[PDB]
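One chain follows as structure tokens, the form deposited in one PDB entry.
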């Protein structure tokens, strides 16, 4: 537990710790901000990689490859439990496609489709306004820290800007297809998204730093995990399983990122429907008659409308089954919902993996924290990109909807800090 350098910013320090502890070895990590603390999950001890076709578990070099069966939630939950046999915490992410088995569409998935990535770290480093607390940092890690503390944080260099004016994934066309199916009665809402590719490469922690000062979110992350970098300001708690069995879900999580009771009556309609279907979903997973909506349509700094749902797990269900049962999020797929997910397969670039999935932290005490994530930046190999969507309804218009996503994109776009 060390004091903070004074006039040095927690996020900046935390993002600079990720860079140093990485250039040091060649370590994967997950920087995670939460209500006011950052956590850096530093090393990799073990990794669970759940794909569409296989389970892989990777330890001290060797991979263990295996087939798995129904409900991805159970296959993952078992792997995660073995991971936490001898460690407290795990971190990773779960893909949109994780919720796809439920509505029977796993077949539509290409042979190696990421479903989830979970790992136990070699080090947790908590970073806050008053202090830095270190859990299980060996010599290698603390020298890095002492080294960053010797120098200070780098200055953020000039940011470079992307031109989100054009398509050409044909978000325009695709929205108009969605509007047509909504008019035919196929479903009532779907969320379509749009990728903007970034020519120059991002330096991630440095792009994360700049964007963090210019955005101000509820949760934020930065990672380097599979062969994937990601960075976001959009995450919100959707689902949490407490150590004592109680499940919390947050049915309107993501309306915040997704943006007279006569006007906002669409919003109230969608609020009710989405509340109701999640109460339906959670019940399929809970002690009979333990499910309740405890806070309902209350104005919960930004103001998105809110509801909280509470349940008790079982005897017989897993925390990951809770997640699945509630995945994917109503607000990031559509309503009816099955119809939205299936619409997304037809009308959006697929797989989404991570865009509309999310973060996920787990505890050996039995806890789970999962946070839907939308707007983020991603890098896999040579392509770096942004992804943002909008919710398309009966009265939606290609143009307005497109400029909608333009506005959502520039909470990232001017902050792009090149390598």
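Residue numbers count along the first chain shown, from 1. We call the rigid core the largest set of C-alpha positions that still match within 1.5 Å between the two forms.
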Exercise. Go through the other compared entries with residues on either side of residue 302 and state whether a third or more give it no coordinates.
Key: yes
Self-check item: residue 259 dropped from a third or more of the other entries of this protein
Solution: yes
Self-check item: Deposited residues omitted from coordinates between residue 259 and residue 260, as a class
Solution: 10 or more
Practice problem: Between residue 300 and residue 301, determine how many residues of the deposited chain lack coordinates; answer none if the chain runs continuously, otherwise 1 to 3, 4 to 9, or 10 or more. | Solution: 1 to 3
Quiz item: Comparing 156-164 with 90-98, which has the greater mean CA B-factor as deposited?
Solution: 156-164
Self-check item: Record-listed C-alpha B factor of residue 294: chain third
Solution: lowest
Quiz item: Lowest, middle or highest third: where is residue 45 by C-alpha B factor in its chain?
Solution: middle
Quiz item: Among the chain's modelled residues, which third holds the C-alpha B-factor of residue 264?
Solution: highest
Quiz item: Which third of the chain holds residue 340 when residues are ordered by C-alpha B factor: lowest, middle or highest?
Solution: lowest
Quiz item: Ranked by Cα temperature factor within the chain, is residue 393 in the lowest third, the middle third or the highest third?
Solution: middle
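Just so it is clear, the following notes concern the form solved in complex with a small molecule, a form of the same protein that is not shown.
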Self-check item: 4.5 angstroms heavy atom contact with the small molecule in the bound PDB entry for residue 29
Solution: no
Self-check item: in the bound PDB entry, residue 235 touching the small molecule (heavy atom, 4.5 Å)
Solution: yes
Exercise. Report yes if any heavy atom of residue 304 sits within 4.5 Å of a heavy atom of the small molecule in the bound PDB entry; otherwise report no.
Key: yes
Practice problem: May I ask you to state whether residue 42 is within 4.5 Å of the small molecule in the bound PDB entry, using heavy atom distances? | Solution: no
Self-check item: Stretch from 387-395, 57-65, 362-370, 32-40 whose residues place a heavy atom within 4.5 Å of the small molecule in the bound PDB entry
Solution: 387-395
Quiz item: in the bound PDB entry, do 331, 375 and 404 all reach within 4.5 Å of the small molecule through at least one heavy atom apiece?
Solution: yes
Quiz prompt | Heavy atom within 4.5 Å of the small molecule in the bound PDB entry - the one residue of 252, 90, 325, 241 that qualifies | solution = 252
Quiz item: Once you align the rigid core, which of 295, 143, 180, 197 turns out to move its Cα at least 2 Å between the shown form and the other one?
Solution: 295
Quiz item: After the core is overlaid between the shown form and the other one, has the C-alpha of residue 216 moved by 2 angstroms or more?
Solution: yes
Self-check item: C-alpha of residue 234 off by 2 Å or more between the shown form and the other one on rigid core
Solution: yes
Quiz item: Taking the rigid core as the reference frame, is the Cα of residue 286 displaced by 2 Å or more between the shown form and the other one?
Solution: yes
Quiz item: Out of closer and farther, which fits the Cα atoms of residue 235 and residue 40 in the bound PDB entry compared with this form, where the change is 3 Å or more?
Solution: farther
Self-check item: Closer or farther in the bound PDB entry, the Cα atoms of residue 323 and residue 218, when the shift from this form is 3 Å or more
Solution: closer
